[PDB]
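Notes follow once the structure below has been shown.
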Amino acid sequence: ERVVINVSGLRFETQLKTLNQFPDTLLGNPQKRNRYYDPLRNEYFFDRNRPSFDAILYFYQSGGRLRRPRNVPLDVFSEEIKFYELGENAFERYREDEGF
């Protein structure tokens with residue numbers, strides 16, 4: 066099943082199975098992600114930062130590697146990982162990699 070995630074006009078495509086590998090996150094939990102479903106366009110819409118999302122999706126594709134894009138400021142990216150609920154374990158790995 067192909068899913069389309071529209072982040073402020075920037076459309077990302079992935080498989081449902083890819084998101085569902087991490088069920089305790091926003092995008093991995095149907096009950097949470099369906100709050101962002103857009104029935105007109107058959108996509109999930111987030112009115113949020115665009116350059117961060119490459120790394121949010123890659124977190125799922127890579128089996129849980131969390132990497133800030135160099136072009137995205139630390140504060141901007143931290144707020145996104147919290148919104149997407151990537152979980153304490155990943156947040157710890159990220160804090161370590163970034164310093165704090």
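The sequence shown maps to residues 66 to 165 in the authors' numbering. Cβ atoms here follow ideal geometry from the backbone N, Cα and C, with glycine treated the same way.
Query	Result
Inter-residue spacing [alpha-carbon to alpha-carbon] between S73 and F142	16 Å
Residue from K147, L81, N71 and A155 whose Cα sits closest to the Cα of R106	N71
Inter-residue CB distance, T83 and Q126 (contact presumed, cutoff 8 Å)	6 Å
Sequence-distant residues of its chain with Cβ nearer than 7 Å to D119 (five each side left out)	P134
Per-residue burial, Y109 [other beta carbons within 10 Å of its own, 16 or more giving buried]	buried
Cβ-based burial, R130 [other Cβ within 10 Å; buried from 16]	exposed
Alpha helix (DSSP H) segment containing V141, residue limits	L139 to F148
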